[PDB]
């Protein structure tokens, strides 16, 4: 459980349990990155698959269990960490061991250019963009789309 992975200049914490992360520090990173509130009891009610957090908690990728394919629940990068390559670092380390992935994004999310560039697939809905990597089977994709549709939002306000 838990260790550090280098990506170029940067060092990244890989954790498979919330117990191995500084949760108050991680919540502050997420809420500061999105300028929104995480729903109450987020860590307690979210089944972690793997989290990747930069050593100094300036960027994070959180994968969770939502059906058969790993679900990217949060990609948080501090605005103040911009240009340092930190977001790309945590994303890259995650992708190296996560060949299949899906996630969702609001239409106005500042990360969307990055998501278009990185994703293999995309499905547009009225209020969400659904993205995936590594999925070819159309039922798997359909199930991922349904999971995004049915999953309550965990960023509010």
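Numbering follows the first chain given and starts at 1.
The mean Cα B-factor in the deposited entry runs higher for 33 to 41 than for the other of 92 to 100 and 33 to 41. The mean C-alpha temperature factor is higher for 9 to 17 when 144 to 152 and 9 to 17 are set side by side. Comparing the C-alpha B-factors of 127, 50, 58, 28 in the entry, the top value falls on 127. Sorting 119, 110, 105, 64 by the CA temperature factor given in the entry leaves 110 at the top. For residue 76, the recorded CA B-factor ranks within the middle third of the chain. Only modelled residues enter the ranking.
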